[PDB]
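Asks: Residue numbers (the deposited numbering), protein chains in the order written: chain C, 21 to 204; chain D, 11 to 109; chain B, 22 to 283; chain A, 1 to 658.
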Amino acid sequence: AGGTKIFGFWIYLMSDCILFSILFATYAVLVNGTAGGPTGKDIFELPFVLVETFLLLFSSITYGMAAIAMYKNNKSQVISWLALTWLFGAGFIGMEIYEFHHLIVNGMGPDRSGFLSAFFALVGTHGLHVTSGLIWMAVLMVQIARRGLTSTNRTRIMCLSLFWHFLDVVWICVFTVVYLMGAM
Amino acid sequence: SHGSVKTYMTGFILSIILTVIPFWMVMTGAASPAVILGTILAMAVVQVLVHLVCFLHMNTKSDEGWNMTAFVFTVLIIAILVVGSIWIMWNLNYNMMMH
Amino acid sequence: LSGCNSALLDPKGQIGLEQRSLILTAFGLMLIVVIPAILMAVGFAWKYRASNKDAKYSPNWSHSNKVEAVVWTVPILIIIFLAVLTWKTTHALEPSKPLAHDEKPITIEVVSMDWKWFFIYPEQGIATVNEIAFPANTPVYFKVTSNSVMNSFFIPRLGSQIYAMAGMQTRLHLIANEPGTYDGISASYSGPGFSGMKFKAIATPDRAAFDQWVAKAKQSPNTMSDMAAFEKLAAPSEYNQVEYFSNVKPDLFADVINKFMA
Amino acid sequence: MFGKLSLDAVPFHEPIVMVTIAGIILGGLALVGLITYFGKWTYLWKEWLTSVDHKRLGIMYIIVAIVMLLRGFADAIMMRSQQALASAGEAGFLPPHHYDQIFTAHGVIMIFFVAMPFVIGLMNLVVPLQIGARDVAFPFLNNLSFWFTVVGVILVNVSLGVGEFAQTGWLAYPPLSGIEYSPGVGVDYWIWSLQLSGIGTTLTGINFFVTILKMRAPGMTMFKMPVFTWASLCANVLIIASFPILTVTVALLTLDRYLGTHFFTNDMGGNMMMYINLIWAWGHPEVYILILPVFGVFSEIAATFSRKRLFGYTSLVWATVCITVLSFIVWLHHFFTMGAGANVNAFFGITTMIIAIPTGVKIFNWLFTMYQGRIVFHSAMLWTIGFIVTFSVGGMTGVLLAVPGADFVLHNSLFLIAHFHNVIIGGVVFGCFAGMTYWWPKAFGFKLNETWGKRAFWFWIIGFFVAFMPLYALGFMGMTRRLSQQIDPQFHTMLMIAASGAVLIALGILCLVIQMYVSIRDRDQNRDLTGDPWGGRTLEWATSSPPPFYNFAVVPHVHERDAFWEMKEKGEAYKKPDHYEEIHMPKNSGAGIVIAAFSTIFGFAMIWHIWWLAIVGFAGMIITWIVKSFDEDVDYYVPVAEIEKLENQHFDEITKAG
Ligand code: HEO
Ligand SMILES: COC1=C(OC)C(=O)C(C/C=C(/C)CC/C=C(/C)CC/C=C(\C)CC/C=C(/C)CC/C=C(/C)CC/C=C(/C)CC/C=C(\C)CCC=C(C)C)=C(C)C1=O
Ligand SMILES: CCCCCCCCCCCCCCCCCC(=O)OC[C@H](COP(=O)(O)OCCN)OC(=O)CCCCCCCCCCCCCCCCC
Ligand SMILES: CCCCCCCCCCCCCCCCCC(=O)OC[C@H](COP(=O)(O)OCCN)OC(=O)CCCCCCCCCCCCCCCCC
Ligand code: HEM
Ligand SMILES: [Cu+2]
């Protein structure tokens, strides 16, 4: 039964790797499409990008503790370590929408250049993936608390372990190709 | 399959010495841009590698082997669609200037 | 797979004549593995069909080597010589590569407007729509661009084609070895009225006949001497007939591209 | 309703599009009448629509393709007539506003909806049967995939009814598809029909990958699988890897058409060459998603009707695997004329000829499966002998386009058109018709009529060479794709011969309908009982005529390559076991049509700018999905009594005719 879905979800994650790859090529070309607008060094508040990363690097260790607790059959600890993970992902999403709001209400929106478009669609897509992961983790804690740690909810914790840790793997390529390699 | 509390807290105490060093070099300025770009990219592959090794626990013994195989094949499709597209659109942009 | 008096199999240009001898080389480098493959599909389906009790029936014969290695080396020994030929011709028929000749190229700047072509002569100063002219046995320098959706400048009887994008200068080099009036078209769909982007490349027999064509071109009340006159020749129209303008603004082709780049 | 929707969007004064949308609204309602009269609405909800069963989903995938092969062909036979009228004086009957919606809605349909769910329709019906599995790895994801293919049909079959379709070509290009040169909702119908059908076909490429990998019988190694399963495995690595390039190249166009971004415009940073690059980075790999499962349909028809083991099994597998990886480094041969250098044109022009060596070795392996055999001339083998002749020419003229020196004069022109019709009509379409008549006894129980299947081949292959060889002599005369007005009268005599060939194809589609009708009527005489009508070799011929809902009562124990022709050769075929065990089958789920029905609302609202409705549709797609996870009843145990009954019926049918 299980394990076949985890492998299918890993294959979906590979398709997702390629999806994000297409967005890293569109940004690699349109990074200098900054016609009369703001270049990379001008809008990237680098400290604000660091605090995001540490809100997502904690979002992987706090889930790892949830997986360890699930392997220890400690449902209460699973909920406690999943509720804390949803609190760092929520902070990352809050800072992401705050950045996308500081950019839009100052004219530097997605329709200003080819750069900001290639920047709002690459970081914005990662934000959409993270918020989908948050919707998934919230609709999963409802099932862990309701039923328990049944054979169908142990797969969803491991199917989310791949998805949630992978979002922090893409981010290692996001702050180093968009923010670091841009504000350099 | 399973990851101990030592698999974590060793990919977490190592991923902070890889999310600070580039975020410090490229921030305060410590070397020539030819070495900064190499550091923030060599440490950007080592961190992804340590994540794949200790967060999405990825051995060769999973799924009869089709767990590292699918990834290694997917990297070959990214390195072909990215390096290919960048090469093409560098040859296309140059050949359409005001020569 | 036919046409003895067609365009591509009877070109009148050097860029076109060296591509015909390239199509006829590939067509013949592949009839070595296609004429057998089509002859074998018919000769094997007949000799061994169901009722021919005169052949060998061996339903235990999959792995061979004399028939597996010689069948996986003729495609290779063909593609190899079809690959070095590809490389040599590609590095010789490139659009950007200037033609070798002891005569200065006549630069023509091609703006693909909305369902009409616009040819600027920056040296003579004339700028005609839906018609070019250049002496035979004389290279030309097409600097093709677009004012609208992506078109494709194509003169089938003279040689290659090159796309045309809004802010972008793509270069093409053609030459007419014989005089005449060669048809031109747009080789990429461009919208409702794309079927009317049809110009005529009048190749003059000598230079004296080309100067007298510029003469009749520089004898018109029209005048393309401002950008507000170019934007007048941009109202979406179809089947634009030949129209000769007059003294043109210097660096006009550079002003068309320098509006999708600001 | 709200948004841009209004009666000024339905074509009322246009005569042609008024009869059509009054015929489909008449046919689609006569269908409801026929269904409700016979009372077959409950049976068409508990058995077919809400069905997690690869057999009943691989028949509903094909019914869509067949019922839209007619919708896509009427686009052809009309733009074949306009070019025959516009070439000699008369203006015609299709103004350039209504013709440009024809060659667009004909490439979008006959690729994504007549060729894609006909290749997937066979990879669904037969692949779970060959490997010895009782169902795909993810049953519910298969019903949802199908209903996400239909959700892209209710958006293209409605585009001619309310609004218009794209006027840009089947791969709508950036500067012409932007909101400044195509502002009407014709590209939004092109966007949300390929997007809501790409999300659905990516999930069906993950099914058959995991199915072929981790659902095989106990003993079928990766080098004992059937060649159709191997090709359907290599054609899903091209779905998982390439279709993500489509869900972005389209999604980047929506933002360019909705939020006013500057991805693909020509001003303020946008490169309108990045779309032409990405859409072909997917475009090419997508043409090997269609031709690889057809390289399997023909690998088993030749090895079956010739009564001979497939020549060089281990050389056909190392050709499909090559083509699977060699199809990602060739995608630039579609815009050789764009203006790239001489080192990238020539590089992408060599790697697209190296991909012809595996295809040649594949074509030559089939020639030696027929070398020393007994080639039964059943209509399914008639296509294969015709597929070789109709695909060698296509490949020959396509490698001649792979030369970027001969691709400058043979770019978009009536020489390009007839190559991807030579390799599709001679390829995919022949394979989609050779695999439809070869597995028809395994999908319904009776055998297709033969004296009409033969007449359906001699009009499709004769009506091709007399309908596209004229479109081969026109590329050398200097014609262009997508011409519909005032065609130079020099192209006349070649466009009338090319029109009198689509009439023979139409007669070859009428023959298909007559064949289906006669075979469905006279089923009680052309009936297949033993489950092995042709003398097959793979495991799908070990079942009954229609294999039961569970494929195999006991999962077969494979020991050799031809898993069934090896059991049937040694005698261990049709043997009855001692004790059956209850099967663990999935449960028919009706939450896949609802996620899809809630997706047409989202698409039809994002097209017509109905935001209050797009929000509701999007929520309904992620509310029927949240509540589907709380459904803790998704499987049931098929008891041993029903298995005993079915197996005893089958063994009775066998032993009474031995
Ligand atoms: C089923 C789909 C399909 C298939 C299988 C093919 C097969 C091939 N196609 Fe075609 N194509 C397909 C569908 C399309 N092609 C297109 C366009 C297109 C273009 C663009 C040209 C231009 O820029 O306009 C090129 C260069 C090719 C080349 C090829 C090649 C090299 C193959 C090779 O696979 C063919 C190899 C087969 C051969 C060679 C076997 C026969 C020969 C034998 C017996 C082997 C012996 C060995 C040698 C001869 C090498 N195709 C388009 C454009 C869409 C649009 O814009 O309209 C489509 C849809
Ligand atoms: C905007 O313009 C457009 C259209 O306008 C027409 C479209 O239709 C379409 C397609 C939409 C559709 C609803 C068309 C789909 C339906 C069809 C039939 C497609 C056309 C098919 C063909 C040309 C091939 C033939 C296919 C068939 C299924 C034939 C149907 C079956 C039969 C028996 C037709 C009979 C025709 C005959 C000439 C023989 C009949 C003669 C007799 C029975 C003799 C006795 C006479 C009587 C009256 C009893 C598009 C996409 C479009 O863009
Ligand atoms: C913008 C459009 C995006 C479209 C959808 C994304 C938005 C919301 C994402 C989905 C909603 C949140 C998560 C789903 C809700 C509950 C899912 C769940 O129950 O998880 C358990 C399930 C485990 O599998 P199982 O339990 O067996 O499934 C049976 C029934 N589902 O888990 C599963 O195996 C299935 C769940 C997989 C999660 C997929 C999430 C993908 C995120 C995609 C973001 C889109 C980004 C846009 C890209 C375009 C490019 C510009
Ligand atoms: C950019 C597009 C924008 C368009 C708007 C957004 C569209 C979303 C609206 C549609 C909702 C998404 C599809 C809903 C179903 C998702 C698939 C699913 O439910 O997974 C089920 C599968 C297990 O199901 P199974 O084992 O077969 O048995 C059934 C037991 N419940 O679980 C598995 O085994 C895992 C295998 C697949 C994992 C999830 C599949 C894809 C994830 C969601 C797709 C979201 C689409 C976004 C981008 C598309 C690319 C895929
Ligand atoms: C049934 C016989 C068919 C006929 C008569 C036919 C006819 C045509 C015609 C006339 C065109 C446009 C020619 C032009 O652009 O000038 C065309 C384009 C096309 N056809 Fe077909 N076709 C047929 C079958 C198919 C099949 C089977 C497929 C794929 C499965 C297919 C896919 C396409 C595509 C992708 C285009 C490109 C449309 C565009 O330019 O946007 N066709 N067809
Ligand atoms: Cu291709």
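From the three backbone atoms N, C-alpha and C, an ideal C-beta is built for every residue, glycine too.
#1: In terms of alpha-carbon separation, which member of A:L5, A:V64, A:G398 and A:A591 lies closest to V153 (chain A)?
#2: Taking 6 Å as the cut-off, is the beta-carbon of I505 (chain A) closer than that to any non-hydrogen atom of ligand 7?
#3: Of all the options B:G212, B:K219 and B:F274, which has the alpha carbon lying nearest to the alpha carbon of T128 (chain B)?
#4: What are the residues of the segment 51-62 of chain B that lie near chain A, defined by any Cβ-Cβ distance shorter than 7 Å?
#5: Between the segment 169-198 of chain A and chain B, which residues of the former have a C-beta closer than 7 Å to a C-beta of the latter?
#6: Cutting at 6 Å between CB atoms, please list the residues of its own chain near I223 (chain B), excluding the five before and the five after it.
#7: Measure the Cβ-Cβ separation of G463 (chain A) and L504 (chain A) and say whether it is below 7 Å.
#8: According to DSSP, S207 (chain B) sits in a beta bridge with which residue or residues?
#9: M79 (chain A): beta carbon under 6 Å from a heavy atom of ligand 5?
#10: Which residues mark the beginning and the end of the alpha helix (DSSP H) in which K308 (chain A) is found?
#11: Any beta-carbon of chain D closer than 7 Å to the one on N143 (chain A)?
#12: What in chain D is Cβ-close to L213 (chain A), meaning under 7 Å?
#13: Assuming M477 (chain A) and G180 (chain B) form a contact by the criterion Cβ under 8 Å, report the distance between their Cβ atoms to the nearest whole angstrom.
#14: Please state if the CB of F186 (chain C) and the CB of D73 (chain D) are separated by a distance shorter than 7 Å.
#15: Counting only beta-carbon separations shorter than 7 Å, does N105 (chain D) have a partner in chain A?
#16: At which residues does the alpha helix (DSSP H) containing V17 (chain A) begin and terminate?
#17: Nearest by alpha-carbon distance to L259 (chain A): which of C:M157, C:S133, C:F183 and C:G23 is it?
#18: Using a 10 Å radius around the Cβ and a threshold of 16 neighbouring Cβ atoms, would you call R482 (chain A) buried or exposed?
#19: So the candidates are A:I212, A:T624 and A:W534; which of them puts its Cα closest to the Cα of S379 (chain A)?
#20: Would you mind reading off the limits of the beta strand (DSSP E) that contains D635 (chain A)?
#21: Where do the ends of the alpha helix (DSSP H) carrying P32 (chain D) lie?
#22: According to DSSP, is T166 (chain B) part of a helix, a strand, or is it coil?
#23: Of the residues that make up the segment 273-286 of chain A, which ones have a beta carbon closer than 8 Å to any beta carbon in chain D?
#24: Any idea which residues DSSP pairs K221 (chain B) with across the strands?
#25: List the endpoints of the continuous alpha helix (DSSP H) containing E130 (chain B).
#26: Which two residues bound the contiguous alpha helix (DSSP H) that contains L193 (chain B)?
#27: Could you pull out every residue in the same chain whose Cβ sits closer than 6 Å to the Cβ of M282 (chain B), ignoring the five residues on either side in sequence?
#28: Which residue wins for smallest C-alpha separation from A217 (chain A), given the options A:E566, A:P128 and A:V376?
#29: Report yes or no: is there a C-beta of chain A within less than 7 Å of the C-beta of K74 (chain B)?
#30: Which residues in the same chain have their Cβ closer than 6 Å to the Cβ of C322 (chain A), if we skip the five residues on either side of it in sequence?
#31: Flag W234 (chain B) as yes if its beta-carbon sits less than 7 Å from any beta-carbon of chain A, otherwise no.
#32: Counting only beta-carbon atoms, is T73 (chain C) nearer than 7 Å to chain D?
#33: Answer with buried or exposed for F2 (chain A), where buried requires no fewer than 16 other C-beta atoms within 10 angstroms of its C-beta.
#34: Would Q182 (chain B) and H411 (chain A) qualify as a contact pair, given that the criterion is a beta-carbon distance under 7 Å?
#35: Sorry if obvious, but does the Cβ on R481 (chain A) come closer than 6 Å to a heavy atom of ligand 5?
#36: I141 (chain B) by DSSP, collapsed to three states: which one?
Replies: In terms of the structure at hand:
#1: A:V64
#2: Of the ligands one can find in the structure shown, namely ligand 1, ligand 2, ligand 3, ligand 4, ligand 5 and ligand 6, none is ligand 7.
#3: B:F274
#4: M51, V54, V55, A58, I59, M61 and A62
#5: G169, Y173, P175, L176 and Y181
#6: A154 and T202
#7: yes
#8: B:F174
#9: yes
#10: Premise fails: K308 (chain A) is in no alpha helix (DSSP H) and is neither H nor E.
#11: no
#12: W76
#13: The pair is not a contact, with the Cβ atoms about 16 Å apart (cut-off 8 Å).
#14: no
#15: yes
#16: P15 to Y37
#17: C:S133
#18: buried
#19: A:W534
#20: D635 to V638
#21: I31 to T38
#22: strand
#23: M273, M274, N277, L278 and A281
#24: B:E152 and B:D204
#25: First-last for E130 (chain B): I127 to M134, but that is the beta strand (DSSP E), not the alpha helix (DSSP H).
#26: No alpha helix (DSSP H) contains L193 (chain B), which is instead part of the beta strand (DSSP E) from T191 to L195.
#27: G188
#28: A:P128
#29: no
#30: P358
#31: no
#32: yes
#33: exposed
#34: yes
#35: yes
#36: strand
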